[PDB]
Amino acid sequence: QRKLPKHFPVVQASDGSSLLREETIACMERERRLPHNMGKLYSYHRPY
Amino acid sequence: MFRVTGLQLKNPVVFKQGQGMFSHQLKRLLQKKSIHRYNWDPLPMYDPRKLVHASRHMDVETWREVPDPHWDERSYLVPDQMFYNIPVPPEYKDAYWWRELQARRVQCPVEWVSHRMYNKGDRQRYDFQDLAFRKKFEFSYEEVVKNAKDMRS
Amino acid sequence: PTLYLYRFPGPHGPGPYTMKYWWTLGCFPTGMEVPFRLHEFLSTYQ
Amino acid sequence: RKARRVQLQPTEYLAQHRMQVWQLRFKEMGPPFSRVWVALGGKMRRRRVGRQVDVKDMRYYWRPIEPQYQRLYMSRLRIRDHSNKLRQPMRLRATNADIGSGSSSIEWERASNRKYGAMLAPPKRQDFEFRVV
Amino acid sequence: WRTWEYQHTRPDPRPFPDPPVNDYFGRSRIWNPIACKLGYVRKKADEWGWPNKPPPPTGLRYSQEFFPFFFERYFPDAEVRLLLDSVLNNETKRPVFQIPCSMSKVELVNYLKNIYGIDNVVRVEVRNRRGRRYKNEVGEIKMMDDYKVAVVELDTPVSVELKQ
Amino acid sequence: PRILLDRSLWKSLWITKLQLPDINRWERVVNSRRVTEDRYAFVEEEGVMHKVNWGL
RNA sequence: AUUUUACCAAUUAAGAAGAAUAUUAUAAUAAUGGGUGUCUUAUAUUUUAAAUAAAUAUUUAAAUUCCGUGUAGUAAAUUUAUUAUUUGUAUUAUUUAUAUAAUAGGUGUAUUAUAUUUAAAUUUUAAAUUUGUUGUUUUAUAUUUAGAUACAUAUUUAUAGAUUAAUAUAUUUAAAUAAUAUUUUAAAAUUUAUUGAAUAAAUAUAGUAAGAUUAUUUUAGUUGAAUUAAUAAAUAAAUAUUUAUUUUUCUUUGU
Ligand SMILES: [Mg+2]
Ligand SMILES: [Mg+2]
Ligand SMILES: [Mg+2]
Ligand SMILES: [Mg+2]
Ligand SMILES: [Mg+2]
Ligand SMILES: [Mg+2]
Ligand SMILES: [Mg+2]
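As stated in the entry header, the method of structure determination is cryo-EM and the reported resolution is 3.9 Å.

So this is what it looks like as structure tokens:
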């Protein structure tokens with residue numbers, strides 16, 4: 001039985017400890033803000 | 001109530017009630033809810049941690065109180081948050097009767113957990129004593145199955 | 001209590017009077033329409 | 001999203017239309033298919049002392065009411081269960097069959113009370129140590 | 001009034017209020033001062049693994065040895081970015097850097113003196129700046145993290161040449 | 001439905017790619033099975049209606 | 001020597017994932033106020049009281065009473081329980097788009113009555129209100145789409161009088177025990193609160209003003225009557241639904 005719903009994104013270490021769950025959450029949020037793999041955007045509202 | 005109070009305060013203080021982005025963001029940020037913590041009403045008339053040295057004899061030699069085991073035993077414990085439990089002579093426990101009720105009550109507005117008393121299951125599985133909505137004991141399914149199978153019925 | 005929309009696409013579809021804005025300003029002159037250019041992005045950059 | 005949801009509507013009283021006024025004034029008589037509602041004849045009027053000294057004229061006799069008024073009252077009884085034409089109208093006064101059918105339904109086969117005219121029968125002899133705070 | 005017609009469900013209030021999430025990503029974005037319960041819960045959980053591990057005593061909590069302050073002091077985390085245009089192929093006396101908003105002039109000069117060894121720092125000109133905002137192809141408004149602009153002044157002009 | 005044909009509708013709207021996997025294939029129910037034959041169209045040849053490949 | 005009169009005609013296949021962890025009920029196992037871009041402390045983060053309420057109740061008698069606004073434990077911890085995102089797209093039902101358009105170069109006439117081609121002959125559109133039934137009043141641009149609730153029925157277990165005001169009396173024939181509902185939009189300001197005349201509740205109710213109320217080709221009666229407030233007098237009449245009396249007669253006649 002699932003301890004968390006299927007739509008919850010897994011943010012945890014490979015062992016199962018949540019010591020840096022907020023650190024990983026902040027890393028994912030920074031990735032969502034500006035992904036390092038972001039290519040050449042096409043929008044007219046470019047960041048620069 | 002608190003949301004409307006904060007909204008009126010901000011409207012009277014810093015909101016121009018125009019189409020500006022300041023007010024447009026305030027109208028949505030003021031809906032956020034603040035921290036709620038049940039603060040017990042302090043008693044400046046009677047300090048419970050002050051009566052520790054009351055109703056005690058003292059040794060004339062060292063001029064300090066006598067650690068009476070009978071007093072330590074019969075001492076009544078009054079609860080408080082910064083001073084978790086305080087011993088007090090049982091003669092003065094009457095003035096602290098309201099602190100007892102405020103401590104026994106769940107530190108939460110009754111209308112937040114009122115969904116308990118509004119159904120039969122929780123009305124039977126929960127306790128309602130001095131407005132303390134603490135869940136009673138409940139056997140596990142394995143436990144009740146084992147009990148019934150041992151009772152052979 | 002009313003909203004002002006200067007020039008918005010009609011019922012049948014966006015016309016040239018709005019595509020001019022879409023190509024120059026970057027979005028429709030109302031601001032209520034979100035700029036969505038995934039199709040041309042796929043057609044050119046990808 | 002969410003608004004005031006409507007719930008089930010409670011039905012009216014099964015004997016709501018029959019009126020104590022009718023039950024006091026008129027009474028039903030005759031065979032089932034020729035029932036007539038009859039009330040005592042005479043003229044009711046309050047007059048001063050010294051009038052109608054002779055009592056032999058004042059007669060206690062029953063005369064039937066107008067057929068249109070009888071039809072109206074019978075229709076007031078017929079209001080209940082109108083769609084079933086196979087169901088005869090109710091009666092001005094409840095009968096033994098009605099009092100029995102009030103509990104003869106299978107949903108009342110377990111209740112010891114309300115059975116065989118419990119409300120109609122006089123109460124039982126209470127205990128001698130009976131007392132209330 | 002016919003109250004028996006309704007069932008026991010609380011109707012939604014009219015007019016309905018907006019979610020407390022601030023949706024404006026412009027120049028005038030406001031920081032919400034109201035503190036939520038989830039914020040305290042998350043802070044406590046990242047501090048000492050609430051509620052599995054027992055809480056450390058008040059002494060260790062308020063001391064300099066508490067894990068967050070200890071890690072911030074022994075493993076500092078400060079993002080200092082140099083603008084390539086300000087010092088690339090031009091002998092400039094005022095190079096500019098980007099820092100987090102929690103730093104100051106003294107913080108930046110100590111940073112450059114201890115980590116990178118840039119001791120000759122005349123004056124640092126501080127100026128905050130809202131994070132860069134932009135829309136992607138589908139039109140979602142994603143704003144970059146905020147950054148503080150600093151304009152450090154040196155005694156000698158510096159330049160990093162770009163071999164063309 | 002006992003047998004839901006892939007071109008039929010059941011709690012769903014007509015999506016072309018979901019209801020027609022192959023346009024040249026016609027699905028029928030033969031012996032309580034989904035049989036997928038080739039689609040034919042009727043054309044008038046020599047005074048009779050002959051069946052030709054519909055896609056072609 | 002240039003040289004084709006005037007007028008008269010038509011909505012149809014639809015190219016594209018530009019249709020779904022989609023709408024609405026349905027889960028009787030959780031629950032301290034949800035707010036992500038969050039993140040120091042709280043003299044500044046406290047809501048409580050024996051009543052009808054997020055707890056909602058298996059009958060028709062009698063009885064207070066100047067329209068009787070009414071029915072009681074079925075089991076004593078017993079199985080009518082306020083349930084919810086996936087160990088079935090949870091299951092079972094129900095509903096669902098308003099973007100994208102080449103279409104014909106002339107059938108009736110040419111001094112003026114309005115589609116059916118032999119030429120004429122015909123008319124001013126409907127639905128409501130006006131009962132002195134109009135010439136009064138009001139509405140309708142068109143296309144597509146929503147729009148309004150009295151059960152046309154009863155197979156063997158099966159068993160159904162009345163009557164006095166009352167105490168009473170009972171020598172007269174039957175029966176398919178089933179209840180739940182009952183147009184719509186409106187004709188009015190008092191109510192219950194909140195914020196500095198607006199805001200949010202009230203299908204609350206108006207002896208109830210007015211209108212709208214979706215389904216051709218059908219198969220049997222009346223076309224201006226009746227009108228007695230109140231002791232023992234054969235009977236009100238129209239309209240409509242079901243339903244019943246084959247008697248004489250020279251023909252006829254809806255009682
Ligand atoms: Mg009555
Ligand atoms: Mg009548
Ligand atoms: Mg013509
Ligand atoms: Mg389409
Ligand atoms: Mg529960
Ligand atoms: Mg229609
Ligand atoms: Mg007749």
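**Student:** Explain the overall build of chain B to me, please; I cannot follow it from the model alone.
**Tutor:** Of regular secondary structure, chain B possesses seven helices and four strands. Tracing chain B from N to C terminus, the helices and strands come up as α-α-β-β-α-β-β-α-α-α-α. A globule of 153 residues ought to have a C-alpha radius of gyration of about 15 Å, yet chain B, at 26 Å, is considerably larger. Summarising the internal contacts of chain B: among those between residues at least 6 apart in sequence, 44% fall at separations of at least 24.

**Student:** How should I be thinking about the interface of chain B and chain E in this particular structure?
**Tutor:** Accessible area lost upon the coming together of the parts is a frequently used measure of interface size. Taken together, the contact between chain B and chain E spans twelve residues of the former and 17 residues of the latter. Buried area between chain B and chain E, summed over both chains or domains, comes out near 1,600 Å², and the portion from carbon and sulfur atoms is 62%. Three residues, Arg28(B), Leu29(B) and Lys32(B), lead the burial of chain B against chain E; their summed loss comes to 43% of the area buried on that side. Applying the counting criterion to the chain B and chain E interface returns one salt bridge. Between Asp23(E) and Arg28(B) there is a salt bridge, with the nearest N and O atoms lying 3.1 Å from each other. Taken together, the connections running from chain B to chain E amount to six residue pairs in polar contact. Tallying contributions element by element places helix 2 (residues 21-29) of chain B first for the side of chain B that touches chain E, with six residues. In terms of residue class, the side of chain B that touches chain E is built from five nonpolar, four polar and three charged.

**Student:** Looking at this structure, how should I read a negative patch on the surface?
**Tutor:** Residues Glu22(A), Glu23(A), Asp46(E), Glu72(E), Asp77(E) and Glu79(E) make up a contiguous surface patch of negative charge. Inspection of the secondary structure assignment puts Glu23(A) in helix 1 (residues 21-33). Given a relative accessible area of 53%, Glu23(A) falls into the exposed group.

**Student:** Could you clarify how one ought to interpret the protein's contact with RNA strand G in this entry?
**Tutor:** Taken together, 113 residues are adjacent to RNA strand G, and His12(C), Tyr60(D), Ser112(D), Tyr6(E) and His8(E) come closest. The contact atoms of RNA strand G, taken as those within 4 Å of the protein, divide so that sugar and phosphate hold 47%. Side-chain polar atom of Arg37(B) to a base oxygen of RNA strand G: 2.4 Å apart, as the coordinates give it. For RNA strand G, a phosphate oxygen lies 2.6 Å from a polar atom in the side chain of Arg116(B). The set of elements that each furnish at least two residues to the surface near RNA strand G consists of helix 1 of chain A, helix 5 (110-113) and helix 6 (120-125) of chain B, helix 1 (20-25), strand 1 (27-29), strand 3 (62-64) and helix 3 (96-104) of chain D together with helix 1 (37-48) of chain E. Split by residue class, the surface near RNA strand G holds 43 nonpolar, 29 polar and 41 charged.

**Student:** Sorry, what's going on with the pattern of salt bridges here?
**Tutor:** Residues and elements named next belong to chain E. Scanning the model with the defined rule gives 18 salt bridges over all chains in all. A salt bridge links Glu153 to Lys93; the nearest nitrogen and oxygen atoms lie 2.9 Å apart. Remark: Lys93 occurs in the loop between helix 4 (84-87) and strand 2 (96-99) and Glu153 occurs in strand 6 (residues 147-153); sequence separation between them is 60 residues.

**Student:** What exactly am I supposed to notice about the interface of chain A and chain C here?
**Tutor:** Facing seven residues of chain A, the contacting portion of chain C comprises ten residues. In total, about 700 Å² of surface goes out of reach between chain A and chain C, with carbon and sulfur atoms giving 68% of it. Looking at the side of chain A facing chain C, the largest losses of area belong to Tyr42(A), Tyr44(A) and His45(A), adding up to 80% of the total buried there. Seen at the junction of chain A and chain C, the total is zero salt bridges.

**Student:** Even after reading the chapter, I still don't get helix 7 (residues 141-150) of chain B, so can you show me in this structure?
**Tutor:** For an α-helix, 3.6 residues make a turn, and residues three or four places apart therefore share a direction. In terms of burial, helix 7 of chain B is largely open, as just zero of its ten residues are buried. Among the residues trailing helix 7 of chain B, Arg152(B) stands out with phi positive, at a value near 65 degrees.

**Student:** Explanation requested: the arrangement of the chains in the structure shown.
**Tutor:** Between chains B and E lies the most contact-rich interface of the five pairs of chains that touch. With no contact formed, the shortest span from any C-alpha in chain C to any C-alpha in chain D equals 23 Å. At the C-alpha level, the nearest point of chain D lies 23 Å from chain F, with no contact between them.

**Student:** Just to check I follow, could you spell out the nonpolar core for this structure?
**Tutor:** In terms of nonpolar packing, the biggest core is built from twelve residues, these being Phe97(E), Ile99(E), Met103(E), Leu108(E), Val109(E), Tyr111(E), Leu112(E), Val121(E), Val124(E), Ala150(E), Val152(E) and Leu154(E). For this core, the secondary structure elements donating two or more residues are strand 2, helix 5 (105-114) and strand 6 of chain E. The greatest single-element share of this core, amounting to four residues, is contributed by helix 5 of chain E. In terms of nonpolar packing, the next biggest core, distinct from the first, is built from nine residues, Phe26(D), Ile65(D), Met74(D) and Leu77(D) among them.

**Student:** Is there a simple way to think about the sheet that holds strand 1 (residues 81-82) of chain E in this case?
**Tutor:** Backbone-to-backbone hydrogen bonds pair the strands of a sheet. The strands run either parallel or antiparallel. All names here are of chain E. The sheet built from four strands is open, its strands ordered 1-2-6-3 with antiparallel pairing. Edge positions in the open sheet fall to strand 1 and strand 3 (123-129), since each of these has one partner strand only. As paired elements, strand 1 and strand 2 share two bridges and run antiparallel to each other. Each residue of the ladder has a partner; that of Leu82, found in strand 2, is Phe97.

**Student:** Explain the packing of aromatic side chains to me, please; I cannot follow it from the model alone.
**Tutor:** Both the distance between ring centres and the angle between the ring planes are used here to describe each pair of aromatic rings. Using the criterion set out here, one finds 18 aromatic pairs over all chains in the structure. Arranged with centres 5.9 Å apart and planes meeting at 80 degrees, the rings of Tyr60(D) and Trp62(D) form a pair that is edge-to-face. Through a chain of ring-to-ring contacts, three or more aromatic side chains come together here, namely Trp22(D), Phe26(D), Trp37(D) and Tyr73(D). Residue placement shows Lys43(E) over the ring face of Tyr40(E); its charged tip is 4.3 Å from the ring centre. One cation-aromatic arrangement involves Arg39(F) over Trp54(F); the distance from NZ or CZ to the ring centre is 4.3 Å.

Basis of the calculations
- Residues numbered from 1 in each chain as written, not as in the entry; some residues may be left out.
- Chains lettered and ligands numbered in written order.
- Part of a larger assembly, values for the part shown.
- Heavy atoms only, no water.
- Residues with missing side-chain atoms left out of burial classes, pairs and counts.
- Helix = DSSP H or I, 4+ residues; strand = E, 2+ residues; numbered from the N terminus.
- Rg over C-alpha atoms; globule rule 2.2 N^0.38 Å.
- Contact = heavy atoms within 4.5 Å.
- Buried area = accessible area lost by both parts, 1.4 Å probe.
- Salt bridge = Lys/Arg side-chain N within 4 Å of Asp/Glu carboxyl O.
- Polar contact = N/O pair within 3.5 Å; in protein donor to acceptor, adjacent residues only side chain to side chain.
- Nonpolar A, V, L, I, M, F, W, Y, C, P; charged D, E, K, R; others polar.
- Patch = residues over 30% accessible without salt bridge, like charges linked within 9 Å, V, L, I, M, F, W, Y side chains within 5 Å.
- Areas by Shrake-Rupley, 256 points an atom, 1.4 Å probe, with all protein chains shown as cover.
- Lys, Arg positive; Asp, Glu negative; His and termini not counted.
- Charge placed at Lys NZ, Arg CZ, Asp CG, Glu CD.
- Buried < 20%, exposed > 50% of the residue type's maximum accessible area, 1.4 Å probe, protein only.
- Near = heavy atom within 4 Å.
- Core = buried A, V, L, I, M, F, W, Y, C linked by side-chain atoms within 4.5 Å.
- Pairing = 2+ DSSP bridges.
- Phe/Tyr/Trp six-rings, centres within 6.5 Å; stacked < 30°, edge-to-face > 60°.
- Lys NZ or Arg CZ within 6 Å of the ring centre and 35° of its normal.

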